[PDB]
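*Asks:* Once you've seen the sequence and the experimental structure below, I've got questions.
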Amino acid sequence: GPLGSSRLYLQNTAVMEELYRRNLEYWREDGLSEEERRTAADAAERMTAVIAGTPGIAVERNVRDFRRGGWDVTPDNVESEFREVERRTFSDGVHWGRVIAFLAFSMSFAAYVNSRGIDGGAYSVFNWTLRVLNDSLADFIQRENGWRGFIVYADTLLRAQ
Amino acid sequence: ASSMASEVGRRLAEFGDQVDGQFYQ
């Protein structure tokens, strides 16, 4: 992938671990400087704040909506359901807002599929989402100064929220 | 895929746009 892919993989992993911990155990089954590990946690914290202040993508509210709609997810189609949400979310392009919204979705979706009794469901959702960051969004992330840049972006949002 | 998946993705695109608009004031 792009420049510094190896470090970004590890940092994307840390951001996801921190993000899912802060918002949701069931979704699971080094090489970083203490700097990069700290920037990952800070980014997951700001993003959690942005999500909570954005009712359209709030984690709990979306799990409630997925259940009310009877979203037909099974062990057989759950990846293709996830991939369709991914395709539509970024079909117009990629920016930090759609990244935040997609990651919020991925936590709501992981909780939802785990509530549907899909064994390994949330773990698979976590791993798919981590690899969207690694493989499809990496060029955007690095272009916008990585997770350090996200914190600058998110602070600006929270000032405005 | 389900209608729900396409509609969820579409709404994530739009809410993401609203989130990003706040960066530019």
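*Replies:* Right, received. Where do you want to start? Numbers count the residues shown, from 1 in each chain, chains lettered A, B, ... in the order given.
*Asks:* So which residues of chain B form strands?
*Replies:* Here chain B has no strands by DSSP state E.
*Asks:* residues from it in reach of chain A?
*Replies:* B:1-2, B:4-6, B:8-13, B:15-23, B:25 (CB under 8 Å from any CB of the partner chain). To be clear about C-beta, it is placed using only N, CA and C from the backbone, and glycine gets the same treatment.
*Asks:* Is it possible to mark the buried ones in those?
*Replies:* With neighbours counted using 16 or more other CB atoms under 10 Å in any protein chain shown, the residues of chain B next to chain A contain these buried positions: B:1-2, B:4-5, B:8-9, B:11-13, B:15-16, B:19-20, B:22-23.
*Asks:* Select, from those residues, the two members most distant in space.
*Replies:* B:2 and B:23 (32.0 Å; CB to CB).
*Asks:* so where do the helices sit in chain B?
*Replies:* Counting by DSSP state H, chain B has these helices, from start to end: B:3-21.
*Asks:* ugh, wrong one, chain A
*Replies:* A:5-23, A:34-52, A:59-68, A:78-89, A:96-115, A:121-135, A:138-143, A:146-160.
*Asks:* Can you name every helix or strand that the first one contacts?
*Replies:* With contacts defined as 3 or more CB pairs under 8 Å, 6 or more residues apart in numbering or on different chains; DSSP states H and E, helix A:5-23 has these neighbours: helix A:34-52, helix A:96-115, helix A:121-135, helix A:138-143, helix A:146-160.
*Asks:* Distance check, the residue most central in space within chain A against residue A:72.
*Replies:* Nearest to the mean C-alpha position of chain A, by CA atoms, centre = their mean, lies residue A:103 at 2.5 Å. Distance, residue A:103 to residue A:72, using CB to CB, to the nearest Å: 23 Å.
*Asks:* Thanks a lot, see you next time.
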